[PDB]
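Chemist: let me see the structure of the following:
(one chain, ligands or ions: 2)
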Amino acid sequence: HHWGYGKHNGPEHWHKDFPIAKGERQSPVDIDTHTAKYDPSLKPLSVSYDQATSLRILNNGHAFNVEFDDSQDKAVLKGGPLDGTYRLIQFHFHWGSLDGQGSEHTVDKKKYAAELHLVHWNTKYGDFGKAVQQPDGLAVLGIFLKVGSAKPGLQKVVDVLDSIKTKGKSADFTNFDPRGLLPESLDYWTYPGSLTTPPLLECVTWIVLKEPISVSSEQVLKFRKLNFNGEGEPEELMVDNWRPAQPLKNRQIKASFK
Ligand SMILES: NS(=O)(=O)c1ccc(CCNC(=S)Nc2ccc(I)cc2)cc1
Ligand SMILES: [Zn+2]
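Modeler: Numbering: from 1, shown residues only. Ligands and ions are numbered 1, 2, ... in the order given. This is the structure:
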């Protein structure tokens, strides 16, 4: 009886195994655009992905991760609200059964069809497992997906998903350039929060871009053909793998822009 996204093991249950689920800095949150304050002190954001080394794509039973070589400073995030250097380790998405839901963050209670998380860890903690134990251990870059025009830079991901249909399957996934998943603008909101899946650790500086990327109906339909189950288990489509908005509590969402 492991955590997941069903009726019996979904987000409303997680607090029983992971009591931090009801903590003071949980994610995701609703971004109230009228309440978020421009912070002129935010340094410019630096996304340096030119040397990124992708290795593998993995269905982990909750989502699929595109994993990077993080054994040196290649692909890094710096600036914005961050002190120091954060190394890209993986990206993944959350998505819906229908185009009207799927994002974890919301904007004035609007849900997007999906949300991309580019996960980075603070190099001053030496490894990812040490970084998740620290309040400034991770920086997750969150990007909304809406359905419209295809995202050309996403199609290499869409085309390998047939090869990792079920939980525990992986495939080689070299030379993928995550710059092809970015919108034009790097304007963002930022707040202190958590991982959005168990173990729900309060270790994340969230950086959520205001400009969504557009993906096609056919691209998101291929995400929804993935399976939560393992091979030779009953088929359960990998859809609605999102946690809903959590209470903001004693936090302020800061805007990088006027
Ligand atoms: N949705 S999200 O963006 O907030 C998100 C991001 C990341 C995670 C991965 C948690 N893994 C952990 S805690 N330990 C771990 C430690 C070392 C290694 I190498 C692998 C695993 C979860 C959720
Ligand atoms: Zn995520």
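
Chemist: spatially nearest residue to residue 153 (excluding sequence neighbours)?
Modeler: residue 180 (2.1 Å; Cβ to Cβ, 6 or more residues apart in numbering). Where you see a C-beta, it was placed from the backbone N, CA and C, and this is true even at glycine.

Chemist: how near is that neighbour to ligand 1?
Modeler: 20 Å (Cβ to the nearest ligand atom, to the nearest Å).

Chemist: do a quick rundown of the strands in the stretch 151-258 of the chain.
Modeler: Applying DSSP state E, counting those that start in this stretch to the stretch 151-258 of the chain gives strands spanning 170-172, 188-193, 204-209, 213-215, 254-255.

Chemist: tell me what the second one is packed against?
Modeler: Where contact means 3 or more Cβ pairs under 8 Å, 6 or more residues apart in numbering; DSSP states H and E, strand 188-193 is packed against strand 204-209, strand 254-255.

Chemist: just give me the neighbour total for residue 218.
Modeler: Per other Cβ atoms under 10 Å, the neighbour tally for residue 218 reads 11.

Chemist: got the contact list for it?
Modeler: Contacts were defined as Cβ atoms under 8 Å, 6 or more residues apart in numbering; by that measure residue 218 touches 150, 158.

Chemist: just the one 4 residues further on next, same as before
Modeler: Counting by Cβ under 8 Å, 6+ apart, residue 222 makes contact with 158, 161.

Chemist: from residue 66, how far out is it?
Modeler: Applying Cβ to Cβ, to the nearest Å, the value for residue 222 to residue 66 is 15 Å.

Chemist: need the residues of the chain near ligand 1, please.
Modeler: Remark: the part of the chain in contact with ligand 1 comprises 117, 119, 128-129, 132, 140, 195-197, 199, 201, using Cβ under 6 Å from any ligand atom.

Chemist: please produce a ChimeraX select command covering the buried subset of the residues you listed.
Modeler: Burial among the residues of the chain next to ligand 1 is assessed by 16 or more other Cβ atoms under 10 Å; the matching ChimeraX selection reads:
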select :117,119,128,132,140,195,196,197,201
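
Chemist: beta partners for residue 107?
Modeler: Per DSSP bridges, the residues bridged to residue 107 are residue 31, residue 110.

Chemist: ok, it - contacts?
Modeler: By Cβ under 8 Å, 6+ apart, the residues touching residue 107 are 30-31, 33, 144, 210.

Chemist: again, but for residue 94
Modeler: By Cβ under 8 Å, 6+ apart, the contact set of residue 94 is 63, 102-104, 114-115, 117, 196, 241-243.
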